[PDB]
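**Q** Opening piece of the complex, as it sits:
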Amino acid sequence: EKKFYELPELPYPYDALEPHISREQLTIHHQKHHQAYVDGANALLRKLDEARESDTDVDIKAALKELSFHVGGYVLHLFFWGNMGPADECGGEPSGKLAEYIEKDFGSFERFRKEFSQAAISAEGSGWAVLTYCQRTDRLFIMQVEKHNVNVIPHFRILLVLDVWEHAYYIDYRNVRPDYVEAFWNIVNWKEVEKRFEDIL
Amino acid sequence: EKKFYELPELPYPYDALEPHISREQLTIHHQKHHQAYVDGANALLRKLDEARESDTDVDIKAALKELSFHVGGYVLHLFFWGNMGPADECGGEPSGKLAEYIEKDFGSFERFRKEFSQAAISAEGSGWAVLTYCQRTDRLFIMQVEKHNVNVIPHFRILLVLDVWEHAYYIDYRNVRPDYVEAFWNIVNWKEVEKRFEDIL
Amino acid sequence: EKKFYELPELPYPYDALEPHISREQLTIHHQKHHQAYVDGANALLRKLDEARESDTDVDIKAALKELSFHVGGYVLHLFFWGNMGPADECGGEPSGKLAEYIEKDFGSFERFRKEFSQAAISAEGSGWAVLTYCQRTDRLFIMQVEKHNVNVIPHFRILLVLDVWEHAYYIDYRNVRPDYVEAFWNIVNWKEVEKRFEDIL
């Protein structure tokens, strides 16, 4: 029998990330938008299931475009919540292998922090900055994802994620995306990113 | 010291896939286009390396958009070559777990074959049909990738790939993409796809 | 000598559109975001001018992609302001030829209103619903623009425009884009749209 998406609980209370992300900001991002991608993806799964059980045609171009949108939404918000936490337990900079790779690939943490920040700030409209890793060339890559599913390298795995959809910050920072991106570095959970990085060597 | 992309050898001689993909068709896809993504990705890596060594600014929005394009190109062609082979060793349909999942998720191999074929045929302009798998809901998904990097679900891994860029077939089939997609099923290497599928349970 | 973009004045005071769009909502959409597209487009124009004067190379792929983004932003906000006004002077439904075309192409105003509304609501992330007209087939078309420049038919002219970027409504309606879309019909300036429609027969 079939299985579906559910809204994951946050790792922490809705006010865990203040003053950097407000309780109000966090609550509605999680409960309205992230939820919308859960429901989006599920509605579509049922649609495709139905067509298969009745052996009828669907517009799969439309279906798969939409599916990639919502599941991308679901997946990115999932990692996003996971690589933040309380400021007094988080922020700072990473250590261990991740630290070493950020050095060799970017020259310094500062350089990284800055490039990753430009990737977030400069995104045209809705999107994300995402850190990932090429196995093949043994290099950390940044990608700038538009929406939840545009300009992404298939098959590459997520290390660090920063939502820069307007819904993620407009309540706390209105238009001023750079202040939000700057606040973000106070609540990055490097432990989690470090862990993620280790499971792909 | 730094590391770069190289054109992978084919698993087989350039005429291994006739009459379905011609020697001419295969040779230029591999040696011109796939090569172009190698060089694209490498030029860009060097560009970013240079900016880091001289600690200067780059347009990283442009850079990362381009990077995702070429590395996507590189990665998809890599899996593409790998899940084809000689018709007399390949084609048919899969077995084992992959077979079981295709049944439960699509109802039958036929249904799958057909949906995957629509995903390839109906792609607007350059792109791919790609099979993948959601861990979370335990379901095979198809995605329809435009170019090498549009409408893809970040973090999802590649099982099966079908290039449907015009360069992949125009020599052998001109405009008639459906005949090319139909020929493809004669040379799918299910062993390889089966193996890929097992390494993500 | 060269010429550049400037932020157009609104046709009306920042509180002219209350209670449907608040003075706060309108002021920052206009003065922050619309402004940002002005500056984006100008920065880029100067960049291209400089390269031409020094007869040096630019990355024109990147340049033109960005240019289409900002100028699209500029152009769409320009028509957007223009086809709204005070509720007590606007809203209602159109008359004259536009009314006749909406009937013959959509069957009724209701149908139009509803389709246009789905086009706005359902847009994935940032984008617009835009009414336009095919000369060739003599039909009103709706297009759903993502960002400012995606999924638009080149050469077709703007009649009616509804911003559905989250910055357009998040202050007044937070996540609830449908309430914003619904409010919009209270402040549509049909006179303006009617006029626009007449200048392309």
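**A** Yep, it's here. Numbering: from 1, shown residues only, chains lettered A, B, ... in the order given.

**Q** What is the neighbour count of residue A:61?
**A** Residues lying near residue A:61 (other C-beta atoms under 10 Å in any protein chain shown) number 16. The C-beta positions use only the backbone N, C-alpha and C, and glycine is treated the same way.

**Q** for the helix or strand encompassing it, which positions count as buried?
**A** When elements are assigned from DSSP states H and E, residue A:61 belongs to helix A:60-82. Buried residues in helix A:60-82, counted by 16 or more other C-beta atoms under 10 Å in any protein chain shown: A:60-61, A:63-82.

**Q** Alpha carbons of that helix, in PDB - could you do that?
**A** Extracted in PDB, the C-alpha atoms of helix A:60-82 (Å, rounded to 0.1, in the frame of the first residue of the first chain):
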ATOM      1  CA  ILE A  60       3.000  13.800 -17.900                       C
ATOM      2  CA  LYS A  61       5.000  16.800 -19.100                       C
ATOM      3  CA  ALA A  62       2.800  19.000 -16.900                       C
ATOM      4  CA  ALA A  63       2.700  16.400 -14.200                       C
ATOM      5  CA  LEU A  64       6.500  15.900 -13.900                       C
ATOM      6  CA  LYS A  65       7.200  19.600 -14.100                       C
ATOM      7  CA  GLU A  66       4.800  20.200 -11.200                       C
ATOM      8  CA  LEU A  67       6.100  17.200  -9.300                       C
ATOM      9  CA  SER A  68       9.700  18.400  -9.500                       C
ATOM     10  CA  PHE A  69       8.500  21.800  -8.200                       C
ATOM     11  CA  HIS A  70       6.700  20.500  -5.100                       C
ATOM     12  CA  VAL A  71       9.000  17.700  -4.200                       C
ATOM     13  CA  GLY A  72      11.900  20.100  -4.600                       C
ATOM     14  CA  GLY A  73      10.000  22.400  -2.300                       C
ATOM     15  CA  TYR A  74       9.500  19.600   0.200                       C
ATOM     16  CA  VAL A  75      13.100  18.400   0.100                       C
ATOM     17  CA  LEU A  76      14.800  21.800   0.300                       C
ATOM     18  CA  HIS A  77      12.700  23.000   3.300                       C
ATOM     19  CA  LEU A  78      13.500  19.700   5.000                       C
ATOM     20  CA  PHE A  79      17.300  20.300   4.800                       C
ATOM     21  CA  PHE A  80      16.800  24.000   5.500                       C
ATOM     22  CA  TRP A  81      15.200  23.500   8.900                       C
ATOM     23  CA  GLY A  82      17.800  20.900   9.600                       C
END
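
**Q** what's the residue positioned nearest the centre of chain A in contact with, if anything?
**A** Against the mean C-alpha coordinate of chain A, by C-alpha atoms, centre = their mean, the closest residue is residue A:76 at 3.4 Å. When contacts are counted by C-beta atoms under 8 Å, 6 or more residues apart in numbering or on different chains, residue A:76 is found next to A:128, A:130, A:145, A:148, A:158, A:161, A:163, B:154.

**Q** add chain D to the structure above, sequence below:
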Amino acid sequence: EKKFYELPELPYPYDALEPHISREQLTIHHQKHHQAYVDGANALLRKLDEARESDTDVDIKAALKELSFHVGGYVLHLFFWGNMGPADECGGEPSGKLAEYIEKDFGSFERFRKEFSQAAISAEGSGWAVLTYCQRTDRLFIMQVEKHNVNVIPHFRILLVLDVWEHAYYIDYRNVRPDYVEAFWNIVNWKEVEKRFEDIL
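**A** Adding chain D to what we have so far:
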């Protein structure tokens, strides 16, 4: 009663553009692909008409995305045929106002030719280089359209168009898009482009 798209005749015989575009190349671009956009756009028009007559729901997101694709295809191929012709009647460079604008905006015809050529060559996958004009700033712009409908500035009108979809050249030039772009300048119909430019001042 309703009206639909039809495949326009070429302004000239299928061998009119040799040796630069071959009779074979031209015939299949026109009769297969351009035709496909005609049928695509018509199928969709009927779909939307049916839903309106039966007052039923459609997926208008999907519909309008697809519509913009095919009508864009239709419109761009229409202008494309129109701004080419026989080499011995065409090519060269433009004169009159267009010539003057190309000078003041690009510095020279060479610069223009070169930038326009990069816009064509560098397009990632299927797309177009298109010349157009901003009324507001009184400047010629180039845009790089992906597919038929991506990265285009809404409302701007078409002056000059170069198809760089692989189907436009793969028969004559295989992978070597630069040779095709170079050949193109031999058959540009500047009379037509000049005329187009005059009708928007």
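
**Q** now that chain D has been added, could you go back to the neighbour count of residue A:61?
**A** The number of residues near residue A:61, taken as other C-beta under 10 Å, comes to 19.

**Q** got it, and residue A:130?
**A** Counted with other C-beta under 10 Å, residues neighbouring residue A:130 total 28.

**Q** Look at it and tell me its secondary structure.
**A** Counting by DSSP: H, G, I helix; E, B strand; the rest coil, the backbone at residue A:130 sits in strand.

**Q** Is it correct that it is in contact with residue A:161?
**A** Yes: the pair formed by residue A:130 and residue A:161 meets the contact definition of C-beta atoms under 8 Å, at 5.2 Å.

**Q** residues contacting residue A:92?
**A** Counted by C-beta under 8 Å, 6+ apart, residue A:92 has contacts residue A:190.

**Q** Give me the spatial nearest neighbour of the closest residue to chain D within chain A, chain neighbours excluded.
**A** Residue nearest to chain D within chain A: residue A:62 (3.5 Å; C-beta to the nearest C-beta). Distances taken as C-beta to C-beta, 6 or more residues apart in numbering or on different chains put residue D:62 closest to residue A:62, at 3.5 Å, once the chain neighbours are dropped.

**Q** any idea how far that neighbour is from residue B:122?
**A** Per C-beta to C-beta, to the nearest Å, residue D:62 is found 12 Å from residue B:122.

**Q** Give me the common contacts of those two.
**A** residue A:61.

**Q** before we move on, back to that, count the residues that sit near the residue nearest to residue A:62.
**A** Per other C-beta under 10 Å, the neighbour tally for residue D:62 reads 18.

**Q** Contacts only, for it.
**A** Residues near residue D:62 by C-beta under 8 Å, 6+ apart: A:59, A:61, A:62, A:65, A:66.

**Q** does any bit of stretch A:128-141 sit next to chain B?
**A** Yes: applying C-beta under 8 Å from any C-beta of the partner chain, one finds stretch A:128-141 in contact with chain B at A:130, A:134, A:136, A:137, A:138, A:139, A:141.

**Q** Is the first one bridged to anything, and to what?
**A** This means residue A:130. residue A:143, residue A:161 (DSSP bridges).

**Q** ok now do it, which residues does it touch?
**A** Listed by C-beta under 8 Å, 6+ apart, the contact set of residue A:130 reads A:76, A:142, A:143, A:144, A:145, A:152, A:158, A:159, A:160, A:161, A:162, B:154.

**Q** Now rank those residues by neighbours and give me the top one.
**A** Taking other C-beta under 10 Å as the neighbour criterion, residue A:152 ranks highest of the contacts of residue A:130 with 31 neighbours.

**Q** Could you find the closest non-adjacent residue to that one?
**A** residue B:154 (4.7 Å).

**Q** Please apply the same query to residue A:34.
**A** Per C-beta to C-beta, 6+ apart, closest to residue A:34 is residue A:77, 4.3 Å.

**Q** now swap in residue A:24 and tell me
**A** Going by C-beta to C-beta, 6+ apart, residue A:24 has residue A:171 as its nearest residue, at 5.8 Å.
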